[PDB]
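Written out below as structure tokens is the structure these notes cover.
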Ligand SMILES: [Mg+2]
Ligand SMILES: [Mg+2]
């Protein structure tokens with residue numbers, strides 16, 4: 001009965017004025033879906049690459065014609081008269097139309113837009129909410145927001161070598177208090193940085209970017225702001241890092257060049273530095289602590305700390321049906337990094353989360369550092385019981401669209417909505 | 001819109017002539033649910049006990065009046081005008097009506113009947129299949145049947161000390177071939193046992209019960225039947241055991257009395273015996289290998305074999321919100337045993353499977369050795385991706401109702417239905 | 001007829017030979033003793049007949065629902 | 001009036017004192033400069049005003065949706 005009659009993509013402008021692609025799916029009965037095609041970055045080679053025009057004269061390589069023609073003239077004639085409540089058949093049909101492994105024929109963005117519009121239309125046809133269409137009836141556990149607070153490294157001009165510092169409010173009863181706590185910690189940190197006499201302007205992903213001297217100064221300032229906000233660190237507010245150690249790894253000699261501290265550390269001294277930082281400050285998660293071509297040091301790191309600090313890895317578990325299952329076998333790291341708009345459909349996302357739940361890992365919903373978003377990721381973070389979402393975005397009107405979409409789920413689950421808190425750290 | 005107007009339980013007779021209790025739930029729009037109240041055993045003390053009349057003059061303690069009055073006069077006046085597509089609110093309301101921990105006020109069977117009738121009515125109202133109401137859209141992976149083949153110990157009069165031997169066809173492409181393989185292995189074993197000149201009558205849970213001499217003779221005969229059926233053991237057809245070591249454990253001295261072999265083994269010799277049986281025969285699962293009061297030997301067993309043989313444990317992880325989380329912390333065994341009609345509602349089942357998926361364990365859907373069934377367990381085994389179901393039943397007309405209910409799911413998932421096979425042994 | 005062989009809810013009645021003709025095996029239920037289902041044998045020997053008997057027990061043929 | 005303090009999509013306008021009266025803080029959007037939302041302060045100092053300003057940035061008040 002709910003057969004698809006029209007799949008149609010168009011070009012609209014965002015708040016930034018950049019052109020975005022918008023996929024719509026009509027039915028016979030009048031159900032309606034709508035999803036945004038991402039326009040992000042195409043880093044990596046062993047995963048699904050995103051396809052733009054690449055025209056630097058047209059928005060620095062974010063062209064839309066080759067992304068909208070592939071939807072209107074190839075994908076659309078193969079989806080007439082097809083039933084819309086059959087998500088797995090559509091996700092197999094789109095991959096068979098693509099043909100290659102890295103989705104390089106249609107782009108990994110044009111497939112994801114259709115495969116979420118055809119899942120927002122089926123939730124409109126059945127008159128159930130989208131987090132119950134994707135996840136059953138017992139999908140009621142909102143994730144823990146990872147909220148970028150201080151930038152450094154490539155994103156700023158300062159002597160901070162770690163790229164991103166994050167806070168993770170785990171001592172809150174429900175999601176709304178977990179968001180209010182972060183809203184107060186940002187004000188306390190702006191007060192502290194204005195007391196020191198620094199720049200308090202909002203940087204890239206929402207965090208600040210002051211002129212600091214070392215990593216230890218930043219970890220002093222953030223913990224001092226958490227204490228002045230009124231909360232106890234290590235019990236209610238944890239921290240996290242995104243080290244981005246590939247940026248200061250010199251390949252020719254295999255030594256890490258910490259430009260902030262001016263000290264060249266070898267691959268056995270970085271783990272000794274991370275042990276000191278975990279022993280002094282309440283870090284609970286480290287992202288890309290060592291380069292992915294440093295197996296002799298990475299196997300050391302995953303057992304010196306891997307029982308009390310979460311260690312995620314993106315290119316170590318790069319999103320493919322063969323390469324993500326490679327680092328599972330030798331057992332390095334204890335958490336993987338689900339990136340939805342680099343992974344393809346909605347079937348491969350829920351298989352890649354399940355294969356990480358089996359092998360004892362922990363999924364962290366994330367995104368590449370320049371993509372836009374959409375608002376369906378807040379339903380995938382509830383329906384899969386992922387546990388941690390990374391609420392960063394390149395602009396404020398996408399960040400607030402993450403926040404409101406996760407707050408309009410708790411208001412439907414009124415007497416029922418759980419929250420992880422510290423129970424997401426089961427393997428620590 | 002779909003408000004409940006009538007909850008009503010009655011008494012009907014099965015194929016055995018025993019009285020069974022049948023719960024029905026009506027709606028306003030005309031949706032309809034129907035579930036069977038179990039009438040099993042109440043073993044254990046730290047879990048939810050089932051409540052009958054206990055009258056030995058009325059079907060040896062399977063009375064129905066105290067199970068149908070609790071539904072018709074207590075549970076039913078609290079569920080008028082309530083919305084039927086809200087499963088979590090109903091499962092919290094029933095526990096608040098119960099009050100105690102072991103469900104001993106209403107019985108753990110009268111709550112489960114209502115909490116599955118109110119989930120088969122909601123799947124009828126939304127016009128979706130029941131394995132997608134409970135599990136999302138990506139619930140497509142049928143479990144591996146564990147099929148009881150040779151009984152021993154308490155269930156028969158022979159010198160076999162292990163209670164139940166099982167076969168697990170893991171080399172099949174889909175579920176229908178996995179059932180056909182077992183259908184041929186039973187014929188080959190009946191041929192072998194008739195060649196030896198033994199009794200080939202069907203025993204308790206569906207398996208045979210011949211007059212054998214030792215455990216090694218049974219493990220020779222089953223492997224010889226697998227080879228004569230045409231299949232390769234260890235690659236396509238595994239085995240399993242249910243040791244039931246509590247039956248021959250003498251408590252006063254702490255020594256195991258193997259009455260079959262006539263040898264009294266201590267707690268360090270049983271693990272040496274299990275290593276020999278795993279090294280000679282393709283056992284992949286051992287159930288209750290040591291008694292639950294033998295921690296000094298059980299901690300030995302869970303590391304001598306726990307990386308290549310699944311070790312389930314029922315009373316070690318007895319179904320409660322506190323006691324099932326006790327054996328997780330010290331880390332004994334690597335699989336738990338979900339028993340649905342001893343655990344209560346449908347919310348606590350899907351939480352107890354999720355807490356086992358987090359801590360690296362493996363769920364095995366099972367049942368107490370004397371309960372009847374219902375046919376909704378075949379939808380819980382698909383919707384949770386449990387992986388192993390135990391298709392035994394006290395009578396044939398319940399066993400075939402398990403088989404047909406798992407075969408009418410593969411015929412709806414026609415081009416989509418997965419199968420575990422050997423991929424369910426991820427922690428080995 | 002040949003080897004009626006009453007089983008639980010069914011009968012597996014190999015026919016009469018209908019002279020100079022190969023016999024066939026059919027599975028009937030308790031009523032309706034004239035419909036017949038062919039269980040896709042290859043030879044209809046005694047061993048094939050025993051295979052069909054032990055397949056009606058345990059409750060799986062590929063040809064009938066077997067309630 | 002006192003400290004208009006233009007922010008991105010809103011204005012946080014503490015009123016005039018309306019002499020011998022405690023001032024109040026209200027959050028208006030760009031249009032509709034006469035409706036006003038009370039953000040549930042306790043004192044309406046300068047520090048409370050800066051708290052409301054830094055709460056309109058980062059996009060969470062408990063009183064308004066903040067599109
Ligand atoms: Mg991180
Ligand atoms: Mg990132």
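The values are calculated or read from the model by the stated rules, or taken from the named source; these are not laboratory values. When we count neighbours, we look across all protein chains shown, and the Cβ atoms used for this are built from the backbone with ideal geometry, even at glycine.
The table that follows gives values for the structure above.
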read-out: Region A:211-225: number of residues that are over 24 Å from the mean Cα position of the chain (by Cα), surrounded by 16 or more Cβ atoms within 10 Å (Cβ to Cβ) and closer than 19 Å to residue A:184 by Cβ; value: 3
read-out: Members of region A:368-418 that are surrounded by 19 or more Cβ atoms within 10 Å (Cβ to Cβ), closer than 21 Å to residue A:286 by Cα and within 14 Å of ligand 2 (Cβ to nearest atom); value: A:388, A:389, A:390, A:391, A:392, A:393
read-out: Selection from region A:291-315 of residues that are within 16 Å of ligand 1 (Cβ to nearest atom) and in contact with a strand residue (DSSP E or B) (Cβ under 8 Å, 6 or more places away or on another chain); value: A:292, A:301, A:302, A:305, A:309, A:310, A:311, A:312, A:313, A:314
read-out: Test: residue in region A:317-324 that is more than 17 Å from the chain's Cα centre (by Cα), within 14 Å of another protein chain (Cβ to nearest Cβ), surrounded by 17 or more Cβ atoms within 10 Å (Cβ to Cβ) and more than 16 Å from ligand 1 (Cβ to nearest atom); value: no
read-out: Flag if residue B:365 is within 26 Å of residue B:283 (Cα to Cα) and crowded, with 19+ Cβ neighbours inside 10 Å; value: yes
read-out: Search result, residues across region A:376-416 that are closer than 30 Å to residue B:90 by Cβ and within 14 Å of chain D (Cβ to nearest Cβ); value: A:404, A:405, A:406, A:407, A:408, A:410, A:411
read-out: Matching residues, region B:296-320, being touching a helix residue (DSSP H, G or I) at 6+ places or on another chain (Cβ under 6 Å) and part of a loop (DSSP other than H, G, I, E, B); value: B:309, B:319
read-out: Given (1) in contact with a helix residue (DSSP H, G or I) (Cβ under 6 Å, 6 or more places away or on another chain); (2) loosely packed, with under 14 Cβ neighbours inside 10 Å, number of the condition residue B:29 does not satisfy; value: (1)
read-out: Residue match in region A:256-267 (condition: more than 16 Å from ligand 1 (Cβ to nearest atom), away from chain B (no Cβ under 14 Å), surrounded by fewer than 20 Cβ atoms within 10 Å (Cβ to Cβ) and within 28 Å of residue A:356 (Cβ to Cβ)); value: yes
read-out: Region A:149-170, subset in contact with a helix residue (DSSP H, G or I) (Cβ under 8 Å, 6 or more places away or on another chain) and outside any strand (DSSP E or B), residue farthest from the other protein chains (Cβ to nearest Cβ); value: A:161
read-out: Among the residues listed as B:173, B:145, the single one being surrounded by fewer than 23 Cβ atoms within 10 Å (Cβ to Cβ) and either closer than 28 Å to residue B:275 by Cβ or away from chain C (no Cβ under 13 Å) (or both); value: B:173
read-out: Answer residue from region A:121-142, given it is in contact with a helix residue (DSSP H, G or I) (Cβ under 8 Å, 6 or more places away or on another chain) and surrounded by fewer than 20 Cβ atoms within 10 Å (Cβ to Cβ) and is nearest to residue A:385 (Cα to Cα) among those; value: A:129
read-out: Whichever residue in region D:30-39 is closer than 14 Å to residue D:15 by Cα and more than 10 Å from the chain's Cα centre (by Cα) and, among such residues, is nearest to the other protein chains (Cβ to nearest Cβ); value: D:35
read-out: Unmet requirement for residue A:282, which otherwise passes all of (1) surrounded by 14 or more Cβ atoms within 10 Å (Cβ to Cβ); (2) more than 27 Å from residue A:169 (Cα to Cα); (3) away from ligand 2 (no atom under 16 Å from the Cβ); value: (2)
read-out: Strands (runs of 3 or more DSSP E) fully within region A:223-271 counting 1 or more residues that are in the same structural domain as residue A:186 (by CATH) and within 16 Å of ligand 2 (Cβ to nearest atom); value: A:237-242
read-out: Unique match (being over 22 Å from the mean Cα position of the chain (by Cα) and outside the structural domain of residue B:53 (by CATH)) among B:152, B:99, B:136; value: B:136
read-out: Matching helices (runs of 4 or more DSSP H) fully within region A:58-145 where at least 1 residues are touching a strand residue (DSSP E or B) at 6+ places or on another chain (Cβ under 7 Å); value: A:65-70, A:108-125
read-out: Subset of region A:171-222 (residues that are in contact (Cβ under 8 Å) with a residue 24 or more places away in the chain, part of a helix (DSSP H, G or I) and farther than 26 Å from residue A:259 by Cα); value: A:175, A:176, A:178, A:179, A:181, A:182, A:184, A:185, A:186, A:187, A:188, A:191
read-out: Check on residue A:293, surrounded by 21 or more Cβ atoms within 10 Å (Cβ to Cβ), more than 16 Å from ligand 2 (Cβ to nearest atom) and outside any helix (DSSP H, G or I); value: no
read-out: Considering residues of region A:42-62 that are in contact (Cβ under 8 Å) with a residue 12 or more places away in the chain and under 14 Å from residue A:110 (Cα atoms) only, the residue surrounded by the fewest Cβ atoms within 10 Å (Cβ to Cβ); value: A:53
read-out: Subset of region C:40-62 [touching a strand residue (DSSP E or B) at 6+ places or on another chain (Cβ under 8 Å) and away from chain B (no Cβ under 12 Å)]; value: C:41, C:44
read-out: Of all residues making up region A:164-182, the number that are over 18 Å from the mean Cα position of the chain (by Cα) and within 15 Å of ligand 1 (Cβ to nearest atom); value: 1
read-out: Scan of region A:352-375 for residues that are closer than 22 Å to residue A:44 by Cβ and away from chain B (no Cβ under 14 Å), ordered by number; value: A:364, A:365, A:366, A:367, A:368, A:369, A:370, A:371, A:372, A:373, A:374
